[PDB]
Each structure stands twice: as structure tokens, then as C-alpha cells.
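Residue numbers (this note's numbering), protein chains in the order written: chain A, -9 to 327; chain B, -9 to 327.
We put the CB at the ideal spot given by N, CA and C, even for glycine.
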Ligand SMILES: [Cl-]
Ligand SMILES: [Cl-]
Ligand SMILES: [Cl-]
Ligand SMILES: [Cl-]
């Protein structure tokens, strides 16, 4: 560790990030924390979404911890395209890491408390989610709109390697999810890349599923997954579905990772800013604290990451249906370190 | 009255289609049936997949009933592209109808057998599941592969207008599912079309969800859905998920509809040809027979469909668990007709 940039952000972001920082501070004292004003607040106060100068500041830190971004006062798509996706592009966050574990003390919407323990590695910087396309004759019966997905061996190989590495360190099973029968170009790039990278991992079993069939299995047989690798668009959907089967996006954490370490990687809870309860001390910081565990693991603070994991798991196992304030949750987790 | 084209097809196609035909003319008298050897048989027999002479022949019937196509026997893609997709595009099947109901006697993989009854209207003839794209420098670190989704006012309004009608005639709720914040061109088109079409349907409440959200809600709160309208790519994913939560693709029916009636529409059970049980009279013919009810309800023949429905429901609500042969299940469905 050493230097952490903190982007507490909007609505519930501050109050959950404060509890995350507390847990970090307990397992790794004397980290330099630097706080950046980004999102709705910054957007109103200055007109700025993501200045290049702020991006450069961000580079001076070992990692970034983010809370949540967004407010109904700021238009729909703007911070999301201009701050969230832009940071992902500018910091080369090509690996979106989305763990999906079902924990004692958490209800699944699936029948019969199945064992669920997998990880999704989503490609973060290419494919359909870059804004490539256009329209003509807008607002007429003659309108035509095109969306273009660009995929590269550069991009794909990166993310696939990382997923194989994760698979080797876990249960040695990798599932590629795509739609190769219909996206024959992107799909074939993905298939061949997994096969070629797979040559270096004769220990990892590799399977393939179409995204519609994988969606079905996540509901009927989620125990079959160890590591899933996929693209930006399909990953967007299946990481949220994973979260849902593991008891909701409110209990999910995310890494946005440049595996070359050339740039600092960013960690956050998956949930959003929930402005209707902002400042009230209701928001659960468990997700934010679980993102701290990801961050620590990424920085090689593995013993300290295990400690946070164990302390989250302990909290979830005894919380029950008790009404717990944001700071009561943070205290319970802290006391279990 | 009616001319039906029948393409039993491959593997278990013949067997479940035999039942559906049996059900059919036992509720509508003068159905003039024509058999079509299309699929693996025809291919192996002749080399033919779907000659133009044959499409022109199909156009002279009032509907098409299909069982299944595909065999490992036939090289990947030959029939799916050259028969199945080609028929969809040639016959202008712009509406893909995928009803989603959890019936009595059917166990859902979701918690607490919840209320689920909705319909998915999926755009059928545009988007990226068209084959539009390419690659350069294949098989090198410099490989780049593109997929292109073409979306039109023409294609979109038709599908959307058909959805609003389905909504009116049901619980007057329509959900548009897309990803408008990042597929900004396609997204904008779909949004604006739903708004504009919806001004002849003030009876219909209109809701928007991003596809990632919809997938979460399909598993945590599927009861909030009546009609879903979406594009080809997102519909392909959400249709399979709806089936799963309503007890499986094995119990799902699909309409492929030219809502201008210039071409005959096609109806089929969702499941494939299952080469592994071809000819053992094991295959369950229920969905094939559910596909007849959509074929009927589309041809204006409400009461024969209104019936046939009930005979299927009876079948499912009373089957218990005993292994039934194809022809048995077929015979059972008669009774309540
Ligand atoms: Cl956020
Ligand atoms: Cl991992
Ligand atoms: Cl996201
Ligand atoms: Cl309907």
C-alpha cells in the first residue's frame, strides 16, 4: 500500500467509504489517504466531470478506492460516460473483476441455498461499450442507427491471461461466455484466444457457454462456475446476474484493474449512490469494505485481505435481520479483525 | 380455412410434431397439411438447405409449424444460418414472441414458486445477430474484429407497435429493455420510438429498464413484468432466462411472426432436436403442442387455442412425476380439449 486515493463520491458514497477506510486503517496503519472531489458535487461546483489534471493526480497513488457516483440533479448518462467509463479508459482498467460468493447469512433468490463461489473477469476497455457508431435521418421513419463493437487480440489476450491465472489459483476451471454462433468475428477472436492462452494452462479445464445458456446455468446450476471470462457487454449483464444470485448488488464488490500496474487500479462497491438515504446512516458498508479486501489483495497485502474477508464473513453470519446503522456495521466488522 | 406447412425436421422433431399435428386437427377440422422434408434429411438426401422454390412454396400456406432442425451429422451452422435464419429473414419474421408463464405443477428454480406470467416481444430481423462485421490480421497479436448492429425506425416501430397491442390486451404494462446510456444510437432510437408509439396507448403504463437490471428483476421480482419489448440481442438473452425461471426451455413455445400477414408466420417449441433421444418416444411433446396454441391464436382461432391451452395446463398440473412416452403425453392432452 502506502498511498490511496479516495473518491468518496455522491449520496451514500461518503458514509460507506468512511467505514471502508476505517477497516483499511485497522489492517494497514499509516497509509496516506488523499481525497478527490468527483461526481455531482464537482460537476456543480466547477462544471468538471473528469479533468485530465485530476487523472494525472490519480496516477501518483498506489490504488483508488471509490464510493458511488450519481445524483438525480445530474443528467442520465453524463457522469457514467464522462467520469466512470472515462476513468476506465484513461487508467486502462481492462480487467473488471466481479466476485460472486454466496455467504452464510445472505439470502439467495434461488431455491435451496446452493453453494455459489465464482469470479467473473469482464473485459473493460473495448467491445460495444465505447460509443462507436452513429445515426442518420434521426427522428424520421428513415432513421438508421448503428452500434459498432471493436475487439482486439491486444485487449482480449490481456483479460484471458488474467482469467487463466485466477483459474489456476482457484479451482482450475475456466468458462468462456460469448455468442460465437452469431458474433462470428468477435466470437472467433475470443474462442481462439482462450485456446491459445490455454496451451500454457494444461491444468485448467476450459469450457464454453453461449451467454443465454450461461444465464440459465447461473439460475439452475451456479455451482458449476469457478472462473468466468467474457467481454464488456455480456460481462455487464452476467456480473449483475451473479450479484443477484449471491444476494444482491448491495453485497457485491468490484475491481477495475490494469494488470500491468502501469496505472492504479480502482476498487468500489457495485451498488450506486442511493441518494434517498444519503447521510442517514442506513446504508450498509459491507460491500465497500469487501472492495477494500479486493484492493488489498491486488496490492499483495494478502494476509490483511484474508483478515477483512473473514471479518465480513463473521458479520454476515450473525447479523440476522437486526436493524444495523452504517457505523454499527463498520464496528462489527472492525471488532472481528 | 387453413393451409398448414409442416416441417418436422430432425432428431425428435418428427415425434413431438406428430403429437402436435394430432392435437391440431382434433380442435380445428379442415387443416390442409403439407409435409416438408427440410433439415438434415433433405441436406443429406440432396444437398439442399432452403431453395428459393421452397420458400415460395411455403408462402402459399397460412402458417408453418416446426419441430426442430439440426444434427451433428451436419456441419456447424449450415442449417441454423442457411435454413433457420434465412427463413426468418425471408418470411419477415420481425416479431419473436416468447411467453413466460410458471404453470401449476411446474417447479421454478427460483425461491417460493412466485407469480410469473409475462410476454417477451423480441425484434427479429435486424441487430448484430445478422452477420455484419469482419476481421483484419487474424491469428496475430494485431487481430482486430468488428461486429456491427444495424437498427432502423422501420424495424423498431413495427416491433414496438406489436408490443403495445399485446400490453393493452393484457395488464397494460410494457417494459422496454435496452442499454441506452451506452448504446446511445440504438438506445435513443428505441426510447423515442416507444415514447412516440405509446401516444396511442395511454392505457399502457410504460417502464424502461437497462438489460442488466431486467435480468436481476427477472430473478428477484419477475412479477413486475407483463409485456417486455427489446431488441434481437438482448431478447435472445432475456428469452432464455424467462424460460429457465418458468421451469425450462423444454416447456417454452415461440412465435416467429410477420405481423403484416403478407408471409406465413412460424411456430415451434423452443427446444432443439436432441439427437440422443431421437426415436425412443421419450421426448416430451408439450411445448410443441403449446406452439400449436400460438399458431392458432395468431390465425384468429381463439377458441381452439383457448381450449388447447387448458388441455396443456391440465397435463402439467396433473402429471405428477411418472415417466411418460411421447405418444402417451400426446394422448393425455386430448382429454381436456
Ligand atoms: Cl457508482
Ligand atoms: Cl480472483
Ligand atoms: Cl458496471
Ligand atoms: Cl400476447
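DSSP beta-bridge partners of residue i
{"i": "residue 86/A", "result": "112/A and 246/A"}
{"i": "residue 208/A", "result": "DSSP lists no partner for residue 208/A."}
{"i": "residue -7/A", "result": "22/A"}
{"i": "residue 200/A", "result": "168/A"}
{"i": "residue 217/A", "result": "109/A and 164/A"}
{"i": "residue 181/B", "result": "The partner list for residue 181/B (beta bridge, DSSP) is empty, contrary to what the question assumes."}
{"i": "residue 91/B", "result": "107/B"}
{"i": "residue 312/B", "result": "For residue 312/B, which the question treats as bridged, DSSP gives no partner whatsoever."}
{"i": "residue 125/A", "result": "135/A"}
{"i": "residue 195/B", "result": "163/B"}
{"i": "residue 100/A", "result": "100/B"}
{"i": "residue -1/B", "result": "58/B"}
{"i": "residue 67/A", "result": "In the DSSP output, where bridge partners are listed per residue, residue 67/A has none listed."}
Any C-beta of chain A under 8 Å from that of residue i
{"i": "residue 121/B", "result": "yes"}
{"i": "residue 393/B", "result": "Outside the shown range of chain B (-9 to 327) lies residue 393/B, about which nothing can therefore be said."}
{"i": "residue 259/B", "result": "no"}
{"i": "residue 184/B", "result": "no"}
{"i": "residue 175/B", "result": "yes"}
{"i": "residue 73/B", "result": "no"}
{"i": "residue 250/B", "result": "no"}
{"i": "residue 125/B", "result": "yes"}
{"i": "residue 242/B", "result": "no"}
{"i": "residue 141/B", "result": "yes"}
{"i": "residue 234/B", "result": "yes"}
{"i": "residue 231/B", "result": "yes"}
Below-8 Å beta-carbon distance, residue i vs any chain B residue
{"i": "residue 144/A", "result": "yes"}
{"i": "residue 136/A", "result": "yes"}
{"i": "residue 317/A", "result": "no"}
{"i": "residue 113/A", "result": "no"}
{"i": "residue -1/A", "result": "no"}
{"i": "residue 70/A", "result": "yes"}
{"i": "residue 67/A", "result": "yes"}
{"i": "residue 203/A", "result": "yes"}
{"i": "residue 63/A", "result": "no"}
{"i": "residue 210/A", "result": "yes"}
Nearest-angstrom Cα separation, counted from residue j out to residue i
{"i": "residue 200/A", "j": "residue 159/A", "result": "25 Å"}
{"i": "residue 105/A", "j": "residue 307/A", "result": "15 Å"}
{"i": "residue 240/A", "j": "residue 143/B", "result": "38 Å"}
{"i": "residue 190/B", "j": "residue 323/B", "result": "40 Å"}
{"i": "residue 177/A", "j": "residue 228/B", "result": "20 Å"}
{"i": "residue 325/B", "j": "residue 301/B", "result": "7 Å"}
{"i": "residue 183/A", "j": "residue 235/B", "result": "33 Å"}
{"i": "residue 125/A", "j": "residue 173/B", "result": "12 Å"}
{"i": "residue 327/B", "j": "residue 318/B", "result": "15 Å"}
{"i": "residue 93/A", "j": "residue 232/A", "result": "13 Å"}
{"i": "residue 83/A", "j": "residue 51/B", "result": "55 Å"}
{"i": "residue 133/B", "j": "residue 141/A", "result": "8 Å"}
{"i": "residue 26/A", "j": "residue 78/A", "result": "16 Å"}
{"i": "residue 41/A", "j": "residue 72/A", "result": "10 Å"}
{"i": "residue 194/B", "j": "residue 165/B", "result": "10 Å"}
{"i": "residue 244/A", "j": "residue 53/A", "result": "13 Å"}
{"i": "residue 314/B", "j": "residue 310/A", "result": "45 Å"}
{"i": "residue 130/A", "j": "residue 123/A", "result": "18 Å"}
{"i": "residue 29/A", "j": "residue 70/A", "result": "9 Å"}
{"i": "residue 169/B", "j": "residue 74/A", "result": "16 Å"}
{"i": "residue 211/A", "j": "residue 237/B", "result": "13 Å"}
{"i": "residue 276/A", "j": "residue 265/A", "result": "18 Å"}
{"i": "residue 180/B", "j": "residue 112/A", "result": "26 Å"}
{"i": "residue 151/B", "j": "residue 215/B", "result": "18 Å"}
{"i": "residue 155/A", "j": "residue 290/A", "result": "15 Å"}
{"i": "residue 198/A", "j": "residue 205/A", "result": "13 Å"}
Interface partners of residue i on chain E, CB under 9 Å
{"i": "residue 130/B", "result": "Protein chains A and B are contained in the structure displayed, whereas chain E is not."}
Ligand 5 heavy atom lying under 7 Å from the CB of residue i
{"i": "residue 58/A", "result": "Summarising the ligand content, the structure contains ligand 1, ligand 2, ligand 3 and ligand 4 and does not contain ligand 5."}
* Decide yes or no for the touch test of the segment 90 to 110 of chain A against the segment 94 to 101 of chain B: beta carbon pairs closer than 8 Å, at least 3 of them. => Yes, the segment 90 to 110 of chain A touches the segment 94 to 101 of chain B.
* Write down every uninterrupted run of the alpha helix (DSSP H) in the segment 132 to 172 of chain A whose length is 4 residues or greater and which is fully enclosed by it, in chain order. => Scanning the segment 132 to 172 of chain A from its first residue to its last, the whole alpha helix (DSSP H) runs of 4-plus residues come out as 143 to 159.
* **contact_flag[the segment 71 to 88 of chain A, the segment 125 to 139 of chain B] where n(CB pairs < 8 Å) is 3 or more** => no
* Count the CB pairs spanning the segment 47 to 62 of chain B and the segment -7 to 7 of chain B that are closer than 8 Å, and state whether there are at least three. => yes
* To do: Taking 8 Å as the threshold, find out whether the segment 10 to 24 of chain B comes into contact with the segment 287 to 302 of chain B through three or more Cβ pairs.
  => yes
* To do: Tell me, please, whether the segment 259 to 267 of chain B touches the segment 275 to 290 of chain B by the rule of three or more beta-carbon pairs shorter than 8 Å.
  => Yes, they touch.
* the segment 17 to 29 of chain B / the segment 221 to 228 of chain B touching (three or more Cβ pairs under 8 Å) -> no
* Asked: What are the uninterrupted segments assigned as alpha helix (DSSP H) that are 4 or more residues long and contained completely in the segment 253 to 310 of chain A, given in chain order?
  -> Runs found: 276 to 288 and 292 to 309.
* Asked: What are the complete alpha helix (DSSP H) segments, minimum 4 residues, inside the segment 9 to 56 of chain A?
  -> 30 to 36 and 42 to 49
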